[PDB]
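Visitor: File follows, entry-v8.cif with mmCIF, C-alpha atoms; chains and numbers go by the auth columns:
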data_input
#
loop_
_atom_site.group_PDB
_atom_site.id
_atom_site.type_symbol
_atom_site.label_atom_id
_atom_site.label_comp_id
_atom_site.label_asym_id
_atom_site.label_seq_id
_atom_site.Cartn_x
_atom_site.Cartn_y
_atom_site.Cartn_z
_atom_site.B_iso_or_equiv
_atom_site.auth_seq_id
_atom_site.auth_asym_id
ATOM 1 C CA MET A 1 183.126 159.313 356.240 0.00 1 A
ATOM 2 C CA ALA A 2 183.908 155.811 357.493 0.00 2 A
ATOM 3 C CA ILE A 3 181.376 154.386 359.925 0.00 3 A
ATOM 4 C CA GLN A 4 181.861 150.690 360.641 0.00 4 A
ATOM 5 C CA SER A 5 178.634 149.379 362.114 0.00 5 A
ATOM 6 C CA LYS A 6 177.728 146.018 363.627 0.00 6 A
ATOM 7 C CA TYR A 7 174.161 146.903 362.815 0.00 7 A
ATOM 8 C CA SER A 8 174.609 147.943 359.199 0.00 8 A
ATOM 9 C CA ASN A 9 171.985 150.072 357.423 0.00 9 A
ATOM 10 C CA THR A 10 170.931 146.874 355.655 0.00 10 A
ATOM 11 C CA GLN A 11 170.410 145.227 359.058 0.00 11 A
ATOM 12 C CA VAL A 12 168.474 148.194 360.448 0.00 12 A
ATOM 13 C CA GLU A 13 166.350 148.646 357.329 0.00 13 A
ATOM 14 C CA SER A 14 165.568 144.923 357.224 0.00 14 A
ATOM 15 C CA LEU A 15 164.648 145.029 360.914 0.00 15 A
ATOM 16 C CA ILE A 16 162.294 147.927 360.206 0.00 16 A
ATOM 17 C CA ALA A 17 160.924 146.083 357.183 0.00 17 A
ATOM 18 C CA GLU A 18 160.334 143.014 359.351 0.00 18 A
ATOM 19 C CA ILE A 19 158.324 144.842 362.011 0.00 19 A
ATOM 20 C CA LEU A 20 156.403 146.402 359.122 0.00 20 A
ATOM 21 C CA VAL A 21 155.653 142.834 358.040 0.00 21 A
ATOM 22 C CA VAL A 22 154.324 142.290 361.556 0.00 22 A
ATOM 23 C CA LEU A 23 152.044 145.310 361.186 0.00 23 A
ATOM 24 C CA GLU A 24 150.895 144.232 357.706 0.00 24 A
ATOM 25 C CA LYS A 25 150.496 140.648 358.977 0.00 25 A
ATOM 26 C CA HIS A 26 147.243 141.900 360.493 0.00 26 A
ATOM 27 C CA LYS A 27 147.254 145.018 358.290 0.00 27 A
ATOM 28 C CA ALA A 28 146.463 147.158 361.337 0.00 28 A
ATOM 29 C CA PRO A 29 145.173 150.695 360.584 0.00 29 A
ATOM 30 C CA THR A 30 147.480 153.694 361.034 0.00 30 A
ATOM 31 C CA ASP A 31 145.681 154.759 364.227 0.00 31 A
ATOM 32 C CA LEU A 32 146.165 151.362 365.860 0.00 32 A
ATOM 33 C CA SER A 33 149.686 151.029 364.470 0.00 33 A
ATOM 34 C CA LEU A 34 150.684 154.388 365.963 0.00 34 A
ATOM 35 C CA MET A 35 149.274 153.132 369.265 0.00 35 A
ATOM 36 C CA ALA A 36 151.246 149.880 369.122 0.00 36 A
ATOM 37 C CA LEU A 37 154.470 151.518 367.927 0.00 37 A
ATOM 38 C CA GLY A 38 154.148 154.374 370.406 0.00 38 A
ATOM 39 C CA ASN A 39 153.787 152.008 373.338 0.00 39 A
ATOM 40 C CA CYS A 40 156.689 149.952 371.977 0.00 40 A
ATOM 41 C CA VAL A 41 158.898 153.059 372.006 0.00 41 A
ATOM 42 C CA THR A 42 157.933 153.880 375.590 0.00 42 A
ATOM 43 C CA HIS A 43 158.288 150.148 376.285 0.00 43 A
ATOM 44 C CA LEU A 44 162.006 150.396 375.554 0.00 44 A
ATOM 45 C CA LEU A 45 162.336 153.485 377.725 0.00 45 A
ATOM 46 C CA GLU A 46 160.644 151.861 380.729 0.00 46 A
ATOM 47 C CA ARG A 47 162.634 148.667 380.101 0.00 47 A
ATOM 48 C CA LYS A 48 166.220 149.509 379.176 0.00 48 A
ATOM 49 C CA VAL A 49 166.589 153.228 379.744 0.00 49 A
ATOM 50 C CA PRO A 50 167.016 154.561 383.320 0.00 50 A
ATOM 51 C CA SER A 51 164.714 157.447 384.293 0.00 51 A
ATOM 52 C CA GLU A 52 167.253 160.290 383.944 0.00 52 A
ATOM 53 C CA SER A 53 168.277 159.168 380.459 0.00 53 A
ATOM 54 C CA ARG A 54 164.659 158.232 379.767 0.00 54 A
ATOM 55 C CA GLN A 55 163.946 161.960 379.603 0.00 55 A
ATOM 56 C CA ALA A 56 166.933 162.757 377.378 0.00 56 A
ATOM 57 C CA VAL A 57 166.153 159.958 374.922 0.00 57 A
ATOM 58 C CA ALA A 58 162.503 161.024 374.780 0.00 58 A
ATOM 59 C CA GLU A 59 163.429 164.598 373.888 0.00 59 A
ATOM 60 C CA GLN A 60 166.003 163.650 371.250 0.00 60 A
ATOM 61 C CA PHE A 61 163.625 161.050 369.825 0.00 61 A
ATOM 62 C CA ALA A 62 161.048 163.808 369.490 0.00 62 A
ATOM 63 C CA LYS A 63 163.481 166.177 367.785 0.00 63 A
ATOM 64 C CA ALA A 64 164.573 163.359 365.474 0.00 64 A
ATOM 65 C CA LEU A 65 161.017 162.534 364.402 0.00 65 A
ATOM 66 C CA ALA A 66 159.973 166.180 364.109 0.00 66 A
ATOM 67 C CA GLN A 67 163.000 167.183 362.040 0.00 67 A
ATOM 68 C CA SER A 68 162.576 164.145 359.798 0.00 68 A
ATOM 69 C CA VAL A 69 159.161 165.505 358.859 0.00 69 A
ATOM 70 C CA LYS A 70 160.630 169.002 358.711 0.00 70 A
ATOM 71 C CA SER A 71 163.191 167.607 356.267 0.00 71 A
ATOM 72 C CA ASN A 72 160.776 166.517 353.520 0.00 72 A
ATOM 73 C CA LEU A 73 159.073 169.894 353.866 0.00 73 A
ATOM 74 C CA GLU A 74 162.209 171.671 352.614 0.00 74 A
ATOM 75 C CA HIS A 75 160.377 174.697 351.113 0.00 75 A
ATOM 76 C CA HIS A 76 163.328 176.295 349.294 0.00 76 A
ATOM 77 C CA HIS A 77 165.613 175.127 352.142 0.00 77 A
ATOM 78 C CA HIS A 78 165.716 178.686 353.509 0.00 78 A
ATOM 79 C CA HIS A 79 162.594 180.477 354.738 0.00 79 A
ATOM 80 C CA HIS A 80 161.753 182.422 351.630 0.00 80 A
ATOM 81 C CA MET B 1 125.051 148.600 379.932 0.00 1 B
ATOM 82 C CA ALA B 2 126.821 151.622 378.495 0.00 2 B
ATOM 83 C CA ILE B 3 130.292 150.609 377.375 0.00 3 B
ATOM 84 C CA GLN B 4 132.196 151.076 374.123 0.00 4 B
ATOM 85 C CA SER B 5 135.457 149.297 373.403 0.00 5 B
ATOM 86 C CA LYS B 6 137.690 151.479 371.231 0.00 6 B
ATOM 87 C CA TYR B 7 139.787 148.422 370.467 0.00 7 B
ATOM 88 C CA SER B 8 140.147 144.840 371.622 0.00 8 B
ATOM 89 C CA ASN B 9 142.473 144.611 374.629 0.00 9 B
ATOM 90 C CA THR B 10 143.852 141.235 373.570 0.00 10 B
ATOM 91 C CA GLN B 11 144.162 142.538 369.994 0.00 11 B
ATOM 92 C CA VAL B 12 146.315 145.525 370.962 0.00 12 B
ATOM 93 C CA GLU B 13 148.299 143.444 373.455 0.00 13 B
ATOM 94 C CA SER B 14 149.140 140.804 370.846 0.00 14 B
ATOM 95 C CA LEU B 15 150.101 143.498 368.336 0.00 15 B
ATOM 96 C CA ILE B 16 152.566 145.144 370.698 0.00 16 B
ATOM 97 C CA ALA B 17 153.825 141.742 371.832 0.00 17 B
ATOM 98 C CA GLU B 18 154.438 140.535 368.265 0.00 18 B
ATOM 99 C CA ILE B 19 156.628 143.548 367.502 0.00 19 B
ATOM 100 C CA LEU B 20 158.441 143.008 370.812 0.00 20 B
ATOM 101 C CA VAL B 21 159.040 139.391 369.828 0.00 21 B
ATOM 102 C CA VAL B 22 160.772 140.628 366.669 0.00 22 B
ATOM 103 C CA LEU B 23 163.122 142.712 368.815 0.00 23 B
ATOM 104 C CA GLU B 24 163.519 139.689 371.094 0.00 24 B
ATOM 105 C CA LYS B 25 164.308 137.205 368.292 0.00 25 B
ATOM 106 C CA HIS B 26 167.076 139.343 366.804 0.00 26 B
ATOM 107 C CA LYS B 27 168.142 140.561 370.252 0.00 27 B
ATOM 108 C CA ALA B 28 168.418 144.199 369.257 0.00 28 B
ATOM 109 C CA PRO B 29 170.714 146.531 371.230 0.00 29 B
ATOM 110 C CA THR B 30 169.170 149.695 372.690 0.00 30 B
ATOM 111 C CA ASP B 31 170.581 151.872 369.888 0.00 31 B
ATOM 112 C CA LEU B 32 169.286 149.564 367.172 0.00 32 B
ATOM 113 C CA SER B 33 165.854 149.080 368.734 0.00 33 B
ATOM 114 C CA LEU B 34 165.289 152.822 369.176 0.00 34 B
ATOM 115 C CA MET B 35 166.566 153.591 365.676 0.00 35 B
ATOM 116 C CA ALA B 36 164.305 150.970 364.101 0.00 36 B
ATOM 117 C CA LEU B 37 161.304 152.121 366.140 0.00 37 B
ATOM 118 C CA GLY B 38 161.786 155.785 365.256 0.00 38 B
ATOM 119 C CA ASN B 39 162.094 155.132 361.536 0.00 39 B
ATOM 120 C CA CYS B 40 159.160 152.716 361.671 0.00 40 B
ATOM 121 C CA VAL B 41 156.884 155.314 363.286 0.00 41 B
ATOM 122 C CA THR B 42 157.999 157.886 360.718 0.00 42 B
ATOM 123 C CA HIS B 43 157.593 155.402 357.839 0.00 43 B
ATOM 124 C CA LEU B 44 153.943 155.022 358.849 0.00 44 B
ATOM 125 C CA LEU B 45 153.553 158.781 358.505 0.00 45 B
ATOM 126 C CA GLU B 46 155.316 158.681 355.128 0.00 46 B
ATOM 127 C CA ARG B 47 152.524 156.352 353.971 0.00 47 B
ATOM 128 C CA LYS B 48 149.049 157.391 355.047 0.00 48 B
ATOM 129 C CA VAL B 49 149.699 160.764 356.666 0.00 49 B
ATOM 130 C CA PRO B 50 150.264 163.848 354.446 0.00 50 B
ATOM 131 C CA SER B 51 152.975 166.244 355.662 0.00 51 B
ATOM 132 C CA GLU B 52 150.223 168.764 356.443 0.00 52 B
ATOM 133 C CA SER B 53 148.794 166.447 359.098 0.00 53 B
ATOM 134 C CA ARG B 54 152.125 164.723 359.771 0.00 54 B
ATOM 135 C CA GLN B 55 153.373 167.820 361.601 0.00 55 B
ATOM 136 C CA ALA B 56 150.434 167.671 364.010 0.00 56 B
ATOM 137 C CA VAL B 57 150.544 163.881 364.326 0.00 57 B
ATOM 138 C CA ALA B 58 154.232 164.126 365.229 0.00 58 B
ATOM 139 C CA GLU B 59 153.301 166.649 367.911 0.00 59 B
ATOM 140 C CA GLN B 60 150.407 164.445 369.044 0.00 60 B
ATOM 141 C CA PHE B 61 152.870 161.583 369.341 0.00 61 B
ATOM 142 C CA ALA B 62 155.327 163.796 371.227 0.00 62 B
ATOM 143 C CA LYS B 63 152.507 164.776 373.584 0.00 63 B
ATOM 144 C CA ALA B 64 151.423 161.197 374.287 0.00 64 B
ATOM 145 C CA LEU B 65 154.951 159.784 374.501 0.00 65 B
ATOM 146 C CA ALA B 66 156.368 162.376 376.903 0.00 66 B
ATOM 147 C CA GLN B 67 153.235 162.521 379.067 0.00 67 B
ATOM 148 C CA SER B 68 153.357 158.733 379.424 0.00 68 B
ATOM 149 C CA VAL B 69 156.905 159.022 380.776 0.00 69 B
ATOM 150 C CA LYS B 70 156.078 161.981 383.028 0.00 70 B
ATOM 151 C CA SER B 71 153.071 160.040 384.348 0.00 71 B
ATOM 152 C CA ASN B 72 155.591 157.799 386.120 0.00 72 B
ATOM 153 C CA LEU B 73 157.901 160.605 387.206 0.00 73 B
ATOM 154 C CA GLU B 74 155.465 163.131 388.650 0.00 74 B
ATOM 155 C CA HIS B 75 154.089 161.572 391.820 0.00 75 B
ATOM 156 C CA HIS B 76 155.637 164.170 394.103 0.00 76 B
ATOM 157 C CA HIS B 77 153.125 166.942 393.562 0.00 77 B
ATOM 158 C CA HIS B 78 153.837 169.242 396.482 0.00 78 B
ATOM 159 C CA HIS B 79 156.297 172.076 395.981 0.00 79 B
ATOM 160 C CA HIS B 80 153.843 174.652 397.255 0.00 80 B
#
Once you've parsed the file, please lay out its structure as structure tokens.
Guide:
Amino acid sequence: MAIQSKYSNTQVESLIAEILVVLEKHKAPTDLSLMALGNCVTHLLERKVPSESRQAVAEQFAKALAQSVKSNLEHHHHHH
Amino acid sequence: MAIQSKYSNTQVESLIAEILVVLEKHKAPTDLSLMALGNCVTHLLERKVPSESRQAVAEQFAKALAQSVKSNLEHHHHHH
């Protein structure tokens, strides 16, 4: 399809790569990185997102993350 | 004297702050910031966390994230 984006996938990916550079800048361990990133996610909720939407975004964010992991699982892409 | 610091307060603070500064510098819209954050958290899993554990870590993250939000919402504990 045709999706014109102000924030192109190149922009997004480079933004992600840049915050990864921040993590690697101090090469924080996964445990500590998950802590920092996790609080940064909630940070955006408590900052930009009003409480009623704060719930909705949290749930969809969870489904997004969970199904991203459930995507690389694949396992025959059926059940059997 | 019986105290154990899991991490350095100023360390964690500066870590979170640095990533926030990245979002600040580029001035990322809510959609872009959440998208970048989500993929970043997942990309950490794609590195040092096998899918076997990744499923549980994702759930652990979902637990922590949602409970952090609800910790602000639920201060009206009297329906009985």
Visitor: Set the distance at 12 Å and use all atoms listed in the file: which residues neighbour residue 28 in chain B once local chain neighbours fewer than 4 positions away are removed? I'd like the list as a VMD selection string.
Guide: (chain A and resid 6 to 7 11 to 12 15 to 16 44 48) or (chain B and resid 19 to 24 32 to 37)
Visitor: For a test of reading the model, state the distance in Å between CA of residue 27 in chain B and CA of residue 4 in chain A, rounded to one decimal.
Guide: 19.6 Å
Visitor: Over all Cα atoms paired in order, how far apart are chain B and chain A after a least-squares superposition, as an RMSD in Å?
Guide: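 After least-squares fitting, the two copies differ by 2.1 Å C-alpha RMSD.
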Visitor: Enter the distance from CA of residue 38 in chain B to CA of residue 9 in chain B, in Å, rounded to one decimal.
Guide: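 Pair CA of residue 38 in chain B / CA of residue 9 in chain B returns 24.2 Å.
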Visitor: Starting from the PyMOL selection byres ((chain A and resi 51) around 12), expand the selection into actual residues of this file and give them as a short mmCIF file (atom, residue, chain, number, x, y, z; two decimals) with C-alpha atoms, in the frame of the given file.
Guide:
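Output below, filename selection_7.cif:
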data_model
loop_
_atom_site.label_atom_id
_atom_site.label_comp_id
_atom_site.auth_asym_id
_atom_site.auth_seq_id
_atom_site.Cartn_x
_atom_site.Cartn_y
_atom_site.Cartn_z
CA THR A 42 157.93 153.88 375.59
CA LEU A 44 162.01 150.40 375.55
CA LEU A 45 162.34 153.49 377.72
CA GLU A 46 160.64 151.86 380.73
CA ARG A 47 162.63 148.67 380.10
CA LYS A 48 166.22 149.51 379.18
CA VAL A 49 166.59 153.23 379.74
CA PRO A 50 167.02 154.56 383.32
CA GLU A 52 167.25 160.29 383.94
CA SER A 53 168.28 159.17 380.46
CA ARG A 54 164.66 158.23 379.77
CA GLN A 55 163.95 161.96 379.60
CA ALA A 56 166.93 162.76 377.38
CA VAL A 57 166.15 159.96 374.92
CA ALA A 58 162.50 161.02 374.78
CA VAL B 69 156.90 159.02 380.78
CA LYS B 70 156.08 161.98 383.03
CA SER B 71 153.07 160.04 384.35
CA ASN B 72 155.59 157.80 386.12
CA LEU B 73 157.90 160.60 387.21
CA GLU B 74 155.46 163.13 388.65
#
Visitor: Under the PyMOL selection byres ((chain B and resi 65) around 10), which residues of this model are included? Write them out as a PyMOL selection string.
Guide: (chain A and resi 38-39+41-42+58-59+61-62) or (chain B and resi 59-64+66-70)
Visitor: Quick check, in Å to one decimal: how far apart do CA of residue 5 in chain A and CA of residue 17 in chain A lie?
Guide: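 Here the two named atoms are 18.7 Å from each other.
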Visitor: Which residue, B:25, B:10, B:1, B:40, has the smallest gap to chain A when you use all atoms listed in the file?
Guide: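 The shortest atom-to-atom distance to chain A comes from B:40.
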